[PDB]
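Right, one structure below, let's go through it.
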Amino acid sequence: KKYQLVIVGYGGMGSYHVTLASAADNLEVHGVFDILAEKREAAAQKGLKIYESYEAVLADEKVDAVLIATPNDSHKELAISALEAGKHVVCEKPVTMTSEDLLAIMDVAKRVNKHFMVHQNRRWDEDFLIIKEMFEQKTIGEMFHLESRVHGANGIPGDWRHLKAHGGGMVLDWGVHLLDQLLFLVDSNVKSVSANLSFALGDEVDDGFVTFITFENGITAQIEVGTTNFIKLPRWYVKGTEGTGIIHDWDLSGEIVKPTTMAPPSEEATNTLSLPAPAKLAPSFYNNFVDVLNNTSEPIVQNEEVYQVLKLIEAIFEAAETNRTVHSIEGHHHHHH
Amino acid sequence: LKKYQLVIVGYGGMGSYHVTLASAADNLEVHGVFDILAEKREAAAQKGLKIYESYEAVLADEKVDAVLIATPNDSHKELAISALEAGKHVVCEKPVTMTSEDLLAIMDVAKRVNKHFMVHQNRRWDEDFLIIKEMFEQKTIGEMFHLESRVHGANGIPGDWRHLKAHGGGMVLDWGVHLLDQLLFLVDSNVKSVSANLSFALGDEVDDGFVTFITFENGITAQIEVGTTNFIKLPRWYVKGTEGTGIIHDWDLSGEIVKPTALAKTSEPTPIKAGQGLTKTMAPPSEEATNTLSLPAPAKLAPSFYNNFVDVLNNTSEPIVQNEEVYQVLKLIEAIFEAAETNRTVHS
Ligand SMILES: NC(=O)c1ccc[n+]([C@@H]2O[C@H](COP(=O)([O-])OP(=O)(O)OC[C@H]3O[C@@H](n4cnc5c(N)ncnc54)[C@H](O)[C@@H]3O)[C@@H](O)[C@H]2O)c1
Ligand SMILES: NC(=O)c1ccc[n+]([C@@H]2O[C@H](COP(=O)([O-])OP(=O)(O)OC[C@H]3O[C@@H](n4cnc5c(N)ncnc54)[C@H](O)[C@@H]3O)[C@@H](O)[C@H]2O)c1
Ligand SMILES: [Cl-]
Ligand SMILES: [Mg+2]
Ligand SMILES: [Mg+2]
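Chains B and A are the protein sequences, given in the same order.
For reference, each letter of the first sequence is one residue, going 2 to 261, 281 to 357 in the entry's author numbering.
Its first residue numbered 1, the second sequence is counted upward by one per residue in the entry's author numbering.
What follows is the structure in structure tokens.
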């Protein structure tokens, strides 16, 4: 069929999903719901049908799927409601505020036989796909250390991202993208996590963080988000047994430097090269989502992967708060103590 | 004419350079040289320097006031305690000892014999570091709360005895001591916690690099890193404060400072395409929101190490490199090694 999607939450990302979803082959934006009149008015201006309630969205038999782009605390119940009403769900990152909440959603999805997919759009980021190529094709030999940094100097945007109750802060906002990229790329269990949160801005939520992650296969990674950074460190810095790579910024500027376990290095005998062309990740998120609904393809963004990321986020919070190194992503649910 | 006579013990790379360094001081000269190898004793003689046949002979010489110890790390403690007992003041190369307890022993002996022991922490005078010290003290970027200090290169481990655990080899003990000493000299706060990971990417029995994340009791954080397998270098300094950020790229002292203005609060950045999404928060701030400044002139550290050493001997000045500071660094190195070997975060 031509699948019909309703946007639930017509804010900054929700309104951009009209563009994204419409770009897919057999998917259409059918309507919108938002609790704010001004947001509903803006959607009406683009010709979009406005629903009176969320209940009205779910009762509409013409609607095949919903996109949930609300603040982070509402995601879970909205998703569960949708799936219980027979609707497939695309949910904005971070899907839930705890890993146990995703499990519950996955239970519902399995029971009603409807699909739930996290919007992890940044696996398609070109900078990341250049790193993916390098990692897979051994451009700098065995890549054993990765540094992934998103720096800005604008603080925390909007309203709800400042608040703990709405799943605010930068681990949840940007950290989930970079952690999802890391775990998508590296096929290895997490051996250890240490972390520090930034409260430089004096908010009740983190305005940035750093985490040091070691994998079972010996790969180490540093993942960093900052909002108080008036000079930026590079987007990517990666070390391999046969070279080093850098990607400075979103403009994809950078280079590789290679020597002409590791051989004894010398700075006098090196060659500088361009970054390779990005790896392919095909099709787009929304085309893959339609393929998944049609049962023609396996999902690129798997709920099992998303689950591991949430546990990792839970490990990061536990590690920063106790100022300890944690030695698995298991055991941070705090159900029993 | 009241010149202190210094003997160089260990005529290797640094020991031969100490001839030049000690000679530049006002009231101190190089009386001569001892090395355990006859090859190195000949080499010193062929630079017109007096040579001793034994370390015992240096220490028996009434004309000698002080010794400079520039031997591999495992021999520092015995040679220092010997010189002290013989009534000689001591300058010892970094890292002074391989354990913190060893330095406490030397400190005890120096006190008992009423002689001075000083660590050669020469990189406290580094121009790049003194720029950071200027920024830190003058609040150039407001209150500096996070510092990242990195020495990267792709030349591996140099020599020699530095490849071996027995002789206190590896990068923590080589470059780490300089960077950690800089940090602890700058920050007037006790270390609260340390996590660390070592690099063994070259396959040696000692570390070819490390990274550590340090937190102080006053909330200041630091990341210190040395790497010898980095074909691309990250900046020498990257520092963050309540009112700006600074960067020193390299030893050439290139870099800048970027600070917020009072107009940043009422302005809004114009979004860019960042990967698959539009971003406002990670977009450059609007033109009105920031000021870009040159790095300041470096703070003054005066006088030179060796003139300060003489001033300490003449009892006219306190030491710049204090032994208690050197002790806290060695305790930090011990915390780092423990943190990395147990894969834990070490507290105190
Ligand atoms: N994938 C990405 O690159 C990306 C980018 C930006 C935001 N996001 C995610 O998108 C979500 C929303 O982000 P945003 O920046 O658009 O926030 P926003 O504040 O701009 O939009 C949220 C909208 O949801 C509405 N809303 C709140 N509660 C609702 C309810 N229960 N029912 C229906 N509507 C409700 C609000 O009125 C608002 O219009 C968050 O989960 C965020 O993390 C993802
Ligand atoms: N402060 C700095 O910037 C800096 C720079 C380089 C080296 N160093 C330090 O200086 C010391 C020596 O370093 P190097 O690179 O010159 O080493 P090196 O190998 O070049 O020289 C050491 C010399 O000591 C001699 N020696 C060994 N055992 C001896 C003994 N028991 N008695 C007398 N002489 C002995 C050796 O024969 C050799 O000539 C080390 O502690 C190192 O950490 C410091
Ligand atoms: Cl721990
Ligand atoms: Mg996998
Ligand atoms: Mg002090």
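Here a beta-carbon is modelled for each residue, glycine too, at the ideal position from N, C-alpha and C.
### Task
Keeping to the same chain, check which residues put their C-beta closer than 7 Å to that of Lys133/A; ignore five residues upstream and five downstream.
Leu186, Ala299
### Query
What residue from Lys2/B, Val211/B, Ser189/B has the CA that sits closest to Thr221/A's CA?
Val211/B
### Task
Output, in chain order, the set of chain A residues within a Cβ distance shorter than 9 Å of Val91/B.
Those within 9 Å of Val91/B in chain A number zero; the least Cβ separation is about 15 Å.
### Query
At a Cβ cut of 8 Å, what residues of the region 234-251 of chain B count as close to chain A, listed as they run along the chain?
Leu234, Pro235, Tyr238, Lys240, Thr242, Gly244, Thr245, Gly246, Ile247, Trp251
### Task
Could you round the C-beta distance between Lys63/A and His31/A to whole angstroms and report it? I think they count as a contact, below 8 Å.
6 Å
### Query
Closest Cβ-Cβ distance between residue 353/A and chain B: below 8 Å?
In the structure as shown, chain A starts at 1 and stops at 348, and residue 353/A therefore has no counterpart that could be examined.
### Task
Using a Cβ-Cβ cut-off of 8 Å, state whether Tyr306/B counts as contacting chain A.
no
### Task
Starting from the Cα of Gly203/B, find the closest Cα among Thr242/A, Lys88/A, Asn122/A, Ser254/A and give me that residue.
When each option's Cα is compared against that of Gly203/B, the closest is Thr242/A.
### Query
Ordered along the chain, which non-local residues of its own chain (more than five positions away) have a Cβ less than 7 Å from that of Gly156/A?
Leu202, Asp208, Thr228
### Task
For the region 94-103 of chain B and the region 67-80 of chain B, state whether three or more C-beta atom pairs, one from each stretch, are separated by less than 8 Å.
yes
#### Entry: Candidates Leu37/B, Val109/B, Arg150/B: closest to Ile232/B by CA position
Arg150/B
#### Entry: Per-residue contacts from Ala274/A into chain B (C-beta, under 7 Å)
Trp251
### Task
Tell me where the beta strand (DSSP E) around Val90/B begins and ends.
Counted as a single uninterrupted DSSP element, the beta strand (DSSP E) harbouring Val90/B occupies residues 89-93.
### Listed by chain order, chain A residues near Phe337/B by CB distance under 8 Å
Here the premise fails: no neighbours, minimum Cβ distance about 15 Å.
### Query
Should the region 291-307 of chain A be called in touch with the region 266-274 of chain A, which here means at least 3 C-beta pairs below 8 Å?
These segments do not touch.
### C-beta neighbour in chain A for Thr281/B, strict 8 Å
When Cβ-Cβ separations below 8 Å define contact, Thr281/B makes contact with chain A.
### Message
Just verifying my parser: in three-state terms, what is the DSSP assignment at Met144/B?
### Response
Here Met144/B carries a strand assignment [DSSP, helix/strand/coil].
### Query
Just to confirm, does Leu37/B get its C-beta within under 7 Å of one of the non-hydrogen atoms of ligand 1?
The answer is yes for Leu37/B.
#### Entry: Neighbouring residues, chain A, relative to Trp125/B (Cβ below 7 Å)
For a Cβ distance threshold of 7 Å, residue set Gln276 of chain A lies close to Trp125/B, ordered along the chain.
### Query
In whole angstroms, what is the alpha-carbon distance linking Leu301/A and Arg124/A?
8 Å
### Message
Under DSSP, the alpha helix (DSSP H) around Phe337/B begins and ends at which residues?
### Response
323-342
### Query
Mapping DSSP to helix, strand and coil, what is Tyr238/A?
The answer is strand: DSSP assigns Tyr238/A an E or B state.
### Query
In the DSSP assignment, what residue or residues form a beta bridge with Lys259/B?
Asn291/B
### Query
Does the beta carbon of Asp181/B fall short of 7 Å from some heavy atom of ligand 4?
No - ligand 4 has no heavy atom lying nearer than 7 Å to the Cβ of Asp181/B.
### Query
Run through DSSP, which three-state label would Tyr11/B get?
coil
### Message
On the DSSP letters alone, give me the boundaries of the beta strand (DSSP E) that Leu198/B sits inside.
### Response
191-199
### Query
Going straight from the alpha carbon of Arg162/B to that of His18/A, what length do you get?
58 Å
### Task
Please list the segments of the alpha helix (DSSP H) lying wholly inside the region 161-231 of chain B, counting only runs of 4 or more residues, in order along the chain.
177-186
### Query
By Cβ distance, which residues of its chain are closer than 6 Å to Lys240/A, with the 5 residues on each side in sequence left out?
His146
### Query
For the region 97-113 of chain A, which residues have a CB atom closer than 8 Å to at least one CB atom of chain B, in sequence order?
none
### Query
Rounded to the nearest angstrom, how far is the Cβ of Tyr4/A from that of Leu28/A, given a contact under 8 Å?
5 Å
### Message
Quick check: the region 177-196 of chain A against the region 320-332 of chain A, are at least 3 beta-carbon pairs closer than 8 Å?
### Response
yes
### Query
Since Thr245/B sits in a beta bridge, which residues does DSSP pair it with?
Paired residues: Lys240/B, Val258/B.
### Query
Contact check, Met118/B vs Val321/B under 8 Å by CB: the rounded distance?
6 Å
### Query
Leaving out five residues before and five after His347/A in sequence, what residues of the same chain have Cβ atoms less than 6 Å from its Cβ?
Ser193
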